[PDB]
Every structure is written in structure tokens, then in C-alpha cells.
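There are 6 protein chains.
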Amino acid sequence: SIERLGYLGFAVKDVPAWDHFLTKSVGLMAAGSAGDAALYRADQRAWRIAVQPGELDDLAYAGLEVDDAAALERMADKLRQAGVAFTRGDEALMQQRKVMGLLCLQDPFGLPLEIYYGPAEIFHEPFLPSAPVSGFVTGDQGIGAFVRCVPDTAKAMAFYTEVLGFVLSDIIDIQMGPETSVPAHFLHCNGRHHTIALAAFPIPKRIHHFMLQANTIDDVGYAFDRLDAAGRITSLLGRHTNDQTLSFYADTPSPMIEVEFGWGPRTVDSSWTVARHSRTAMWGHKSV
Amino acid sequence: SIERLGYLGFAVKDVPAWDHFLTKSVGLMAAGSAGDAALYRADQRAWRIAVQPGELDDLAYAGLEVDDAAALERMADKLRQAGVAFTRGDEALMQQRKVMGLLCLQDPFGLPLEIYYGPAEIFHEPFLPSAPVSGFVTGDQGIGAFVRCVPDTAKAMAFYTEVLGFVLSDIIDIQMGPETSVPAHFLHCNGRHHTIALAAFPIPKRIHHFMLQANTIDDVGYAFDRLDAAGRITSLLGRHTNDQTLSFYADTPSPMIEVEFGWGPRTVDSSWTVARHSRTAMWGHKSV
Amino acid sequence: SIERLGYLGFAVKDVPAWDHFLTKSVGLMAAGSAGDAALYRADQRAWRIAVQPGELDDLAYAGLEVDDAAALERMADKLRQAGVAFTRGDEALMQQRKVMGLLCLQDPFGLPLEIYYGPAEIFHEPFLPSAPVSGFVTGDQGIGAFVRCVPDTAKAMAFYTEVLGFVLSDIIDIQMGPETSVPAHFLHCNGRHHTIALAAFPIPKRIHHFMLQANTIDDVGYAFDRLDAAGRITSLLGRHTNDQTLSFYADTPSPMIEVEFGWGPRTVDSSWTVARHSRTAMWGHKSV
Amino acid sequence: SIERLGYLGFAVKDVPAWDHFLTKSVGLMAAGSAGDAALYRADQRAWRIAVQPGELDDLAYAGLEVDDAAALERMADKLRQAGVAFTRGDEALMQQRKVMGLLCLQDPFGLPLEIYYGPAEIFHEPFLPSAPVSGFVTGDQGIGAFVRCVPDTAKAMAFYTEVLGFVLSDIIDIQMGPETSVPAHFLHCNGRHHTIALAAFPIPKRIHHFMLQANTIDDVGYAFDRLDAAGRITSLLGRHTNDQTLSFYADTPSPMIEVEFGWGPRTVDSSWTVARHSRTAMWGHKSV
Amino acid sequence: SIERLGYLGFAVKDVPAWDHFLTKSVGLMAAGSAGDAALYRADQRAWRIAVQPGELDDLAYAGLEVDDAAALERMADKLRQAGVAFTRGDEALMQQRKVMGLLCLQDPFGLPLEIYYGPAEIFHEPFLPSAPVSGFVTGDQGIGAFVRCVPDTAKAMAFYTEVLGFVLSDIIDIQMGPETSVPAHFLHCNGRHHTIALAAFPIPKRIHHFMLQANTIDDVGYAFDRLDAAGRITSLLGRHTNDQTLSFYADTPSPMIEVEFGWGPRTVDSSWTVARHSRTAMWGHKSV
Amino acid sequence: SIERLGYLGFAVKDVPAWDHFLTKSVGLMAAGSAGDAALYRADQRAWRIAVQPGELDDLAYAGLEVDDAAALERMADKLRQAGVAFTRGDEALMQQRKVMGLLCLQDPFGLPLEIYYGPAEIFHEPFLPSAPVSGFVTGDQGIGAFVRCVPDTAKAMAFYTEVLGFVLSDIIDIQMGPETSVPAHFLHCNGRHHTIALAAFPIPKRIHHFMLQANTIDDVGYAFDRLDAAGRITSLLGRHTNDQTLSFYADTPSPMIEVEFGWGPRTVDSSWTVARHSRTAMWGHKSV
Ligand SMILES: Oc1cccc(-c2ccccc2)c1O
Ligand SMILES: Oc1cccc(-c2ccccc2)c1O
Ligand SMILES: Oc1cccc(-c2ccccc2)c1O
Ligand SMILES: Oc1cccc(-c2ccccc2)c1O
Ligand SMILES: Oc1cccc(-c2ccccc2)c1O
Ligand SMILES: Oc1cccc(-c2ccccc2)c1O
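Chains as they are written, first to last, in PDB author numbering: chain A, 1 to 288; chain B, 1 to 288; chain C, 1 to 288; chain D, 1 to 288; chain E, 1 to 288; chain F, 1 to 288.
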């Protein structure tokens, strides 16, 4: 099964705005380019987020990591057994992503996924944030998470769990209207409470938002002010019911896609019990 | 197998007395109602104890928790293989218990059991005790425990261990008379030394008592005084031989059913060794 | 010198509103009454805040604590040497405040101060909050702090430091207007970064606000929502430059008097270095 | 497999001398009698060492513990498969040993072994040493260990490992003469470095000695003086090469059987590596 | 007495080279300007190092910090008693240095010293390094240290100890030639092993070098490479005999003035014993 | 599979030079001889490195350890299944190596390997270094590591992983020339990041170097100076990208074979993720 989320690639209409957003506001480290994609770092990996020009204004692909070559072949085997179409990346692609091997596929609703192993690290160019943030929590929990919009949760669920090996952490009934809610399913593939959540939201984007976890509460506090000066805040500070992440949300330059910048969540294991929650926030997160 | 005891439902003749008892004396948080049952909280769960009017004056049902949907199906499979009759709860029942799924059955002697998954949590309504108690120890150890009265221990043992997957912790020969004792069997399904004990007591109740574990010794000390002012004490403070729980006992408003309020026991694991004890108390617990 | 701030008494136009405010919103424990004052608890002390009817809608007095009888006499001596008028409380007053001895005086601008020793504690009636808050940080740091409005800071400074023995922690230039700021002086008399701050604010109240410190960040988060539902929020969450308290502000029912509810500040000692800051917030605290 | 050594029974010519030896010198707690055997305690177990009159002046039996009934049946199965004769203890024997079940057998050279489960504990009669010793290290590591004399190590090895499930920790070539040594094999069945060692010593006793482990170095130091006043010392203080136990040896009242009283050894696990040592002592243990 | 070294001001011929040096190589944060001085930050202080154009190519002044106003007056008193000339800084100077008060003087050999209190902090503009360094160790130990060149050590010693209140930590005989050494005197005024060292070196600069202490060994390792790429290394990594600082040295753009970038030294207290060392390095520090 | 690297044997032209090198410079303890091999100790093992005269000036053999006899037979079985030729060491060889059993084979390119169990320990002759080093990190991680030169990495990889059970940790592309690099494969068989690395280097030696890990950074610092006085340094201090070992390199007396003396690396487990690095050093290690 997938070990963790390692990278995200976006295709956007305003690359300079995304560049400023990811460096001056979020704190990521600019790390040159690959092909027509600008690269950004959060840690020792050569890159974690990629931004390229495109009319999509959306997540273009997501990289799903394994630990070694054999594990990648085993994932190939699973995709074959499941009837999911995939192609092995060629040399050019491998060089572009800076990986030792990869399989290209899509989830049931068109999101390109790239399962890989052997990512590049550059400890000789130590991470340097572009804005005041002490660092991010990644490591074995990967880069962070994202919330995937789907038309059919059950269908999405079967694919992510049965095929990719993710596991349901919990469910929240997200209130949409007076008498309307969406059952969001939070899935883990490691100690991070969730790496991918699935929800049938009525938005025209592949994802509702992506999430990065910073080292300290102050990291989060300072970032809020940075995004507020930029006029991008969508929620006040808050804390979630299910994962206990303390965060705020903000708009990216791509309409309808947000970012969540948080701290201090609960982690999980095999002993995690599926439960249901009626609210996303234990406190805070009022919309603005 | 069952992961933990999650809830208890009582059917009683004096609902107001039980309400006062569970809030002002024990410290539970009143949490509205469901159907004709009043609900009480000990933690983040939407409810842990339910009280409804009834001539029984006894435990009406007990909820046995699993971690996810698949585990529930696996329990279904075990019940089928064992020939134990059961029915899947309907929507109405699921809504009443605030669970995502359940199987209704009885143990060999008529106690209704409800095996479930996906309980409701409401972290947005943080627990607030009705009396001075810093909190209860629950989490993965569930709500607490109870001691089940049975006519045939061996028979009860086979069901709880072979069918529900509980495990014998130890046995105590409880002195009844000058030359009379009952071999009580203490069973675990997690780190709590026991969640259910089985004993052939000569009382006309399904259970001898239920037990809640508080965070501090002072929690226990203060509760004793609360129950003493209420005239409900049945034992002085004491400490058990087998689990090292430090507690006292008191009567509930249902005749012959007691509650045990304790602190600081030993926990268990796979390395737990079955042993036999000749007394329930290492010290204290004198009857009053 | 004064060891800590032990209690506050307010005189207000809407006692029921203050009662609801201090219990349902802040979380204090109602603790009966003394004279025409309603009493509220935050810990083991018999009372910490007192509310009585009055047209003032302001702080009526503040109790400044010492450790023993001799220390109280020594404070008497200091007041004599300094020419500050004072009167020893009579039996009736002592009984009302539940103290073993006290001296009544005023600061240079009319705020009644009561220096006392031997406060009453009632550990047999353990603290029980009226709203979800795990507890407050008091002990040797006293009940909390307040910010005192003064017409003459230098004059106020000389009295609090030279006479009462407080010590300057630091100064912040609080921006009032485009080119206008007030140099607020933060003073300590123990490990709490400040117990009293002095500032020449243009408001018609003795104090700008009082501050209570809760045990956890969640305590603060939950309280914000409680005060927001009440429509009382004046600032978003934030963190101070000087003390690192993480808090929010809200209106009390007395116009122009706020409360600050915070967590996790820096403490001080003899090695504290006076410094100057140009902003009150390191992050957050935007006015609303 | 066997989980730990739980008890030892000796048959001796001088019961009063053994009584004084185990209480006044070693520090064990006298715990009445069972049949014609006097019982001694080291902890919460009803008994750990038994002494009965007999011309043997030797170890009469050793009790090998399991964790539950099923494990005992599984050991029965193993003995059957291996062709080792055994008999299930009758009620009388079970009552005498205070166990819930047992199998009686002998090792290849005549030492009676008793495999059991469900030992009696009496926490209501807390352990009280007869001499100054803070306590013994037992628990999951059992009572201690012993060194078994055998004519054929290989043969003894096959039985203890293949049949009883013990595991080789290491081997020491114990120098007997100028050019003569005995390869002693140290075996574990839990965290205790060894519970049984096997050695082809030329003595006319089933065991060379038994070993108890005390809580502190001072416990050991004080015991030495106690045994020296009794004239029983056979070795000076020392520390072993293989287990790092710091101890001294002394004669019991049964000729050629010694006791080892030690402290602070290394524990083991699955990652333990078999090694060979040329001396028993890293330092000390000179014979006297 | 002086509490710590708070800031340094240099007057140099190549301001752009110093700017690049302090940001890209050392890792300091550029923090605008004051007068014709460019400012650099290492922590929460508004500034720690100042660089202005000048033919000196040397340390122009050093700021010596106290904790409050009274302490500053007490230092004034000491200077008066000692006959050392000084002037109180005017408003303009105070504004330039961002301090609440200061006294301007020189040491016996012309180095301008500025004793101050009430420095400015700007926690609302959190420190952001210009190069990969996790942070510096400052706080109560001040910015770091420097080694002061003097023609007369005894004379310099009397001034720094008797007048400014520094204390001798230890002495090292620094080998100059085959049979030539300089007795360097290392002085502390807080927990930092030394803040100022005095030595009769034959160089035409006020100081031999200044020293900054980074949080980690990696910080130091990475900086070495940064300075080596710049061609500025003067010593290999090493560790000092007296303070145990692990560091390397490099040239600044001002000829004959170096910088020392280190980690992990010993701290001191009242119990520090004066000792003498014959070498500066316990290991490493070979000149290059 | 192999548990760890236990010993190394070299065949050299200058035995006295190797003796001085391993004792006075590295710090190993001379431990007599076996056959025509001089023995050296790093810990409690009777020997860890052996040096014998020979024209090879290279690694003559390497000992690969298991935990017990059965494991050795299991390795025999694996070699048989794989078609790798091997011979069981005779008594003489066993006595020479001081082991209880061994299998002699070669890797695909001629390096003799000796898989063994039951090594000799001599705790009665506690380790005493010949030079100032507090000790080495060995234990379950074995003696250290080495980098093996191979003509065919893929071929070498298949043997070490599939046959001996080593596991790939990571890969580094070691820059050889302007546009030339060698993909070195770092393999583990325990917690040590690597025990054997494989690389297609163009040198006429079986190994590029062997590595020992000391207890402290000072151990490493002092050793550097020792080797520098001997004129043997090949690299400055540095820290690796993949294992985070902080070390320096030096020449042994055998041309083209170096030694690496390091400290403080990362350890591994099952959760280790294969990654790729473009440099060997995160910092330092400049060649000299
Ligand atoms: O981390 C998280 C935890 C719980 C809920 C959300 C969520 C909130 C709004 C929309 C979608 C998800 C989230 O990001
Ligand atoms: O927790 C417990 C541990 C040991 C015994 C009891 C017990 C005592 C009296 C009647 C039944 C059981 C108990 O609750
Ligand atoms: O705790 C505090 C720390 C720093 C500033 C304030 C403050 C803010 C606004 C008005 C007055 C004081 C405060 O309460
Ligand atoms: O614990 C131990 C560890 C190592 C050796 C012995 C030993 C010494 C002499 C005779 C037999 C065994 C022992 O008891
Ligand atoms: O921190 C330090 C500790 C000991 C010596 C020096 C030193 C070395 C060379 C010249 C002057 C001083 C130093 O900076
Ligand atoms: O421990 C290590 C970690 C990473 C690389 C090397 C290495 C460097 C040069 C040549 C071969 C290997 C090494 O020893």
C-alpha cells in the first residue's frame, strides 16, 4: 500500500501569484525549476510542490510514495489485479520528478496519481524558508494532506482503500445548508490522521484544499497575519474535532482552492477507532 | 473480537433519582435525551450511559464496541459460526444509539448486548461534570466495567471468551459465607484489567455493579463524601487484590445494583498471567 | 512588598448580566454571597471576584496579598513612611472579605486597594467550573492581572514601585492614532510577567481590562466561542509581544471594561531585563 | 513453551537449619506450611520455596509456569509428541501446590518438574522480609534461577530447548582444573538472562546452586555480612561475564548446594546473540 | 555591573561586502537602517550589529547592557567614583540605538563603549535568517563576544573588572612564536564563558575577532562551507580548551578582523575556578 | 539473514605500521595474536580486527555474524539454494577465529566472507584503548562498516540482498569527474544505516575504506589531530547526507585503503525509505 503523500503539482493561470503565495506568505523555499514547472521545498526533498502554467487552476497530479523498488512492483501488481489502467513513467518523466521509478494512473474521477519510489534529497542545500516559519512536519507523514472532491464517495472509498491501501480514520457530517450535510471520509496511510479526505462537495475543483503542518503554534499565528495582510483569509483560527489540528484556512490564487496551515494534531495507528462527528471544528474556524 | 465496553443502558423505576445520582453524586454530564432515554456523558462521546423508565430496575443492554465496519462484519460471521442468534439494528435503532452499525443479541442468560461501530463524538460540546471530578479514564479502555451475574460460569465463560473474544485475567474466590465462596472470573478485551467479570452470585439482578474509573485519588475521595451525604455508601475505601483499583462501592437507586468508583489500577497485556486470589481486597473495602 | 493580586471587586449596574458572564461564559464557580456582593471562585480560595450593584460599572477595589501578619505590619510601616493614608479594616470588613487582616487605602488616583493576609480557603468544596474550562493558573501568581488607567504614569509608577514594591517588566508603546501612542508600563510582584500595568488611556474607567489565565490553549479556544455566541468579542485570538500570553479580549457588561482570557505566557524573575516594544501583539489580536 | 520458573521444593535433613537460613540470613518470609512442607515467600505469591524433611538434601522438584489453562494443554500436547511421560496432578497435589492445574514429569536425569498455571497470590498478606532486604526481582522473570547438574549436556539441551522451549543465551567454559573445563549452557525462557543453566559438573547433587535477585546493591552487601556471620560464604563479591549479575555465593545447610544472592544483571530478548566466555567472573568471586 | 554584550557597531570601507558577509555567509537578517548605519538582526532585538562606512575598518563601538534604569544610574555612579569620563546620550543617540538610556565612554585604550538599558524588541517581525542557520544563542548571554586587543593587559584588566564588573574566567598562553606567547584573559559578566577577552596582540585593530554562537553543530558545519566558498576560512574546525566552543574562524572584509562561528560551549557561574591553559585548542583549529 | 559485521582481517606489507596505526592513532587495544595474525580490540570481543603479513595490502576476509547455531544452518541452506559454494571451517579455523561455527565463501568478486556464530568475549580483560577514545559504538550494530569495490553493482546487489539478506538503505551518485558519477548503494542488516556499501570505483582494492564509530564528537576531533600529526588525513571533518555520520577520512598504511572515523549518525529500521542523494556530504569533507 501507499506509504505517504510526497508531492503535489498544480497547473495555474497566475504563476507569479502562486510563487509569491508559496514563498512570502506560506514560507516555502523556492528551488528552481524542472521543465515548465517552478519548484518549492518544505524540507530536505529536492521539491514538494510544483507549479506550472495552465488553464486548469487546479491540482494537476499527486505523488504517492512507497519505500523501495519491490514495493512499487507490488503496487503495479495490485493495479493489474484491480483492472486499473497505468503506465510506467519514462526516463524523461523520472528525471522531471526526480524519482527512481513511477507508475502513472488516475483515480476514478480523473485525478492523476503518480506512485513512486526513490525521491531525491539535497541535504547539501539545507532548507531555508522564504518567510518566518520554523519548519514543517513531514518525514514519514509525507508533505501533508488534501481533501479530494468526488461525485461518489462510496466509489472513491473503494478505490483508495481496496486498491491504494488507505484506511478510514473517521467521518464528519459537514453542514452545508440548514438541513444539508456532506459525509466527509478522512483516510490515513501512516501516522498522519489523514492524508486524503473524500467528500462530495459541489465545487468545480478536484480538491477543496491542501494542508501543511508547521512545527509551532507561533508558526501558525504568524502565517495568519501574513495571509491576512494579503487579504486571503477564509477562516479564523480554529481546532478540528477529529484530528485536533489547530489551523486557519486561506485562498490560494486559484479560485475555490484553499490552503490550510495548521499545527499540533493527534496521530494515529492500528488502534484507531472509526467515529463520527457532526461538526468540523471543536472550536473556532468561523468563516470570514 | 470486542475491543471495549462503550455504553450501558439502564431501565429503572425512579428516573429522577438516577438523574440526581449520576450528575450530582457521580459527576456525569447530562446530555439531553434520545427516545425515552435520558443520556449522560463521561467524555467526548455523545453519550455513555442511558437511563429509561422501566420496572426492571436493572441493566437493560450493554454496547460492545469495535473499531470499523469490517470488524463488525467479522463479528457477524463469528456469531453465525457459533449459532448465536442476532439481528442488525435498523435505522431507527442506529439513530437512537448514535452509531453507524450494530448487531443485537443476548448473552446465554438474557442480557441484551449490542455490538457496534462508529459512535458519535461531540468535541464541540466539551465535557463538563455535574460534580467535582477531574475526568474519567476511558479512551481505548472504554467506559469502564461491570460484573455480570450468571447461573453457570463455565457456560458464561465459553460464550464471552470463545465467541466475543474476551480473555481471562484472573479468578477470585469471593467469600460468601463461613465455608462458601463464588469463583469470580475477571475478563479483559483491552488494557483495562477487566471489562466484564462473571460470577454466580445469588442476587436477582443481571449485574452486581458497574464501575467507572476517575483520573485522581482525590476524585475518588470527594465522591465518597458525596455518596455518603446521600446515604448510599456500601463499602469503605479500599484496594483490590487483582487489579489494584482503589475504590469504594455505593448503592444506585435500583435495589441490589451498586456502583464502584475507583482509581489507579494495573493495566494488562498479552503477558498477563492467570492467577488466583482468596480475597477481593488487598486492604479496606469493609462493608458498611 | 505586595506578593500577588488576590481578588477583585466590581460595582455594576447589571448584576444578573455579570453573573451569567462570569459563570456561563468565563467558567467561574458561583460561590454564594457576602453582604450585597455575589462571589465567584476560580480555585480553592473562598472567593476571587466579587460583584455588587452600583452605578460605577467599574472596579471598586482590588486586594493585594501578603504571606503573613508581620508582612502586613511591614506594609503598614511603609505606608506611614511614604505619607499614604490608610485605615485598618474592622472586624466586619475582615469578615466580609474573609481575611485575617487588612489595610484600606487608595492609589494616587482613587482606586481603593486592600492589602491583606490570611485568606480563606475551602478545599472541602472543590472548585467546579460553570462552563468548560480545565482550571486557571493562580497559586503564587495570584488571580491574574489588570491594566490600570492613570492620568500620570510617572506618578503612578512611583507609587506602585517605591511604595508597593512592584517592579517594571517592560514598556510597550501602544498605538492610539496615526502618530499617537501610550507608553504602557507592565509591572510584576512575582513570577507573573505583570499583575498590574499602568497606562494613560483616554477612557472613563479605572481599568481597561482584567485578565485570567486558563490551563490550556483549548480552554481559551472554547471560551472564545462562548463569548462570540454571546456577541462579546472585541479581538481575535492573538499573542503578546512582551509576555507571550496567547489570548482574546471581550467586553464585560460594564461598558468600556473588557476581559482578557489567555494561556501560556512567559514568567519572570530577578533576571528579567527591561525592554521596549512597539506593538502589543506578536501576532493576531486584530480588533473586531 | 515455559514462561518462567515459579517455585522450588527442597527435601532436607535439617529443616530448622534451612528455616533459619531462608529467613534470618536470606530474608524470605515464613508462610506457614502445606503438608509436611514449610513454605517461604519472596513476594506476593502464596509461596516460592518449599522445604520438607528428607534424606535427599537436594532439590526435590521445580515448578515451571505458564500463563493460562490453554497453554498448559499445549504443553501436554508437546510432551505427548515428544514421548515424555507425564501425569496430571490430582486435586490433592493441586491443593498442596496452590495451583489451578499441573503436569508432573522428570527431566532426562530424574529431576521432577511440575508445569503449572494459576498460582495463588495473597496480596492481603503483604510480603514482610525476615531480614533486611528491600525485596526481590521476580514478576514475569519468575523466582530466580538454578544451575542443573547433568551427565550429558547435549542430551539435557535437546530436552530443555526442543521440549520445554527454553533458549540458549550463552556458554561459559568453566575452569575446573589446570587443563579442564566444563561448558556450561545458560538458558532463558523470558527476560531473565538465564532461568536454568546446564553443566556437567562432578558433584552428587541435582543442582550446583539456586539464585535469587534482590532489588539493590546494598541488599546484596548486607546479605553477605549476614551469611558471613553464619560462616557460610563460599565466594567474595563479584560480577559475572555473561549476565552481569553482581553477587556472592554461600553454602546452604545441604552439603554441596549453594545459593547465589545477586543484583543488577542484564536482561535479554529475541535479539540476544549467543557468545562464548572463558571465565565466570568479569571481576571478583574469588573462592573462599 | 554590566549584565551582557548587546550590540556591536563597525565602521568599514566596504559596506556592500559586509552586508553580503553578514547575510549570505553568516546568516543574519537585514533589518533596514538607522542614520548611515545598516542594521542586522540575530534574534528578537531590533538590531544586534551595525555597519557604517568609515576608514577605520574596525569595531567602532560596543554596547554594554544592563536590566533597568536604576542599574544604569548605579553604573554612572561607579564611573564617577572611578574618575572615568562619560556623557549621557542625547535623544538623537538614544533614537539611533533604539534604547531608553545610555552612557558613552571609552575603555583605557580608546574603544568607545556604550552602557544602556531598555533595548527595542520587535517580536511582530520574527527573525528570518538570510542563510541556513537555525538561530543563535543569545538571550541573557547577549549577542556573543569579542577579543579586545590591548597594549597593557593588567591595565585593561583593572578597568573591566574593577569598573565594569567583569570577572576573570581563565587565562591561556597563546603561542605566538617559538618562544613567544601572549597571556589572553577571558572574562565573563554572565553565563557565557567569556564576553570579552583581553590580549596584548601585535595587530593594528581594536579587536582580533567577534564571536557568534549558533544553535547546532550543523549550523556551524554549513557556515564553514559557506565561508569557504567565499574564500574566507582562516582555521579548520576546532574546539577550545577553556570554553569548549566548537568553531571555525574566518576573515571579515576588514583586514585583520575575523569572525568566529561556534557551538556548544561550557557555561559558567560563581563556582567557576580560574585555571591556566597552554593552547587555545583542545583539538582542531589548524590555521589555513 | 546476516545480523551484523563482526570482524575484519587484513593482509598487509607493513605490519608494524598497521600496528601503530590501529593503536596509537585509531585507539584500538592490542590483544596479542592468533596464528600469524596480530589482533586488535574495540570492545568486549576477544578481537575485532586482524592484521597479518601479506602482499595483498588489502582486506583479506570479513566475518558476518549470526545470533545462534540454527541461524547458521539456515544460512547454509540459503547458500545451497542459491548455488553459492561454501565450506564449513574446521576446528583449526574455528580456534583461530574464536568462534563456535563458520562457513567460508566468497562474494561474486572474490572477497572471502566468513559467516559465524558464537564469538568469544573476554569481559575479564576490560577494553583499554591505546589512544584517547572513550569507546566505540558496536553492540548489535557490529564493529562498523566498509565500502566494497565491485565491477558490477547490480550483480553485487543481488548477492548481498537476495542471498545474505542485506537491505538497500539509499543511493548516492558520487561525482567522479565533471560529468561522471558512481551510484553507490548503501545496505543495512541492522540499525546501522549501512554495514556494507557497494560501488563501482576504479581502484585496485577490494574496499575503498572501513569505518568505525566512536562514542563522542570529541573522540573524532582528537583522532583527527592524531592522524594529522601522522600525516594521514585525506579529508577535513564533515557530515554525510545519507547517514548523518560526522567524520573524517585518513589513509591506512595500505595504499588506496582509507579509514573513516565518525560519530552521531542516524539509525534505521523497517520504516526506512529508499532515497537518492547527489552528494556524499551535507557539509565538510573537503579533500586534502
Ligand atoms: O483537516 C481537516 C479536519 C477536519 C475537517 C476539515 C475540513 C473542513 C472544511 C472542508 C473540508 C474539510 C479539514 O481540512
Ligand atoms: O473491580 C473489582 C475487582 C475485584 C473484585 C471486585 C468485586 C468485589 C465484590 C463483588 C464483585 C466483584 C471488583 O468490582
Ligand atoms: O496582557 C497584555 C500584554 C500586552 C499588552 C496588553 C494590552 C493590550 C491592549 C490594551 C492594554 C494592554 C495586555 O493585556
Ligand atoms: O549466575 C551465574 C552466571 C555465570 C556463571 C554462574 C556459575 C558460576 C559457578 C558455577 C556455576 C555457574 C552463575 O550462577
Ligand atoms: O573563543 C575563544 C576561546 C579560546 C581562545 C580564543 C582565541 C583564539 C585565537 C586568538 C584569540 C582568542 C577564542 O575566540
Ligand atoms: O559513510 C559514508 C556515507 C556516505 C558516503 C560515504 C562515501 C564517501 C566517499 C567514498 C565512498 C563512500 C561513506 O563512507
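Positions of the beta carbon are idealized from the N, C-alpha and C atoms, including for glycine.
Taking DSSP's pairing of strands, which residues face residue i in a bridge?
| i | result |
| --- | --- |
| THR180 of chain C | C:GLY177 |
| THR87 of chain B | B:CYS104 |
| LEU168 of chain A | A:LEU187 |
Are the beta-carbon atoms belonging to residue i and residue j less than 8 Å from one another?
| i | j | result |
| --- | --- | --- |
| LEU246 of chain D | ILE217 of chain D | yes |
| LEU187 of chain F | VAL163 of chain F | no |
| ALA230 of chain F | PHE261 of chain F | no |
| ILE257 of chain A | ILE207 of chain A | yes |
| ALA50 of chain A | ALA37 of chain A | yes |
| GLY284 of chain B | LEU237 of chain B | yes |
| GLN44 of chain F | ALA11 of chain F | no |
| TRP263 of chain B | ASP219 of chain B | yes |
| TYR249 of chain C | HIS209 of chain C | yes |
Is residue i helix, strand or coil when you go by DSSP?
| i | result |
| --- | --- |
| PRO119 of chain A | coil |
| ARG80 of chain D | helix |
| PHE159 of chain E | helix |
| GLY63 of chain B | strand |
| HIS194 of chain A | coil |
| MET256 of chain C | coil |
| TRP18 of chain D | helix |
When you compare the region 234-247 of chain C with the region 262-280 of chain C, are there three or more beta-carbon pairs, one atom per stretch, that lie closer than 8 Å? yes
Residues of the region 104-134 of chain E in Cβ contact with chain C at a cutoff of 8 Å, in chain order, please. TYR117, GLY118, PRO119, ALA120, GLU121, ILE122, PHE123, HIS124, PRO126
Interface positions of the region 253-279 of chain C facing chain E (Cβ-Cβ less than 8 Å), listed along the chain: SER271, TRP272, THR273, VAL274, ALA275, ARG276, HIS277, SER278, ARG279
Three Cβ pairs or more, each shorter than 8 Å: is that satisfied between the region 106-124 of chain E and the region 70-80 of chain E? yes
Members of the region 238-254 of chain B near chain D, C-beta cut-off 7 Å: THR241
Determine contact between the region 12-29 of chain F and the region 127-135 of chain F, defined as no fewer than three beta-carbon pairs at a distance below 8 Å. yes
Which residues, in order along the region 204-222 of chain A, keep a beta-carbon less than 8 Å from a beta-carbon of chain E? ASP218, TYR222
Evaluate the contact criterion for the region 101-111 of chain D versus the region 82-89 of chain D: three or more CB pairs, one atom per stretch, below 8 Å. yes
Taking a Cβ distance cut-off of 8 Å, strictly less, list which residues of the region 148-171 of chain C are near chain E, in chain order. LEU168, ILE171
Where the region 224-236 of chain A meets chain C: residues whose CB sits under 8 Å from a CB there: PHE224, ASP225, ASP228, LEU236
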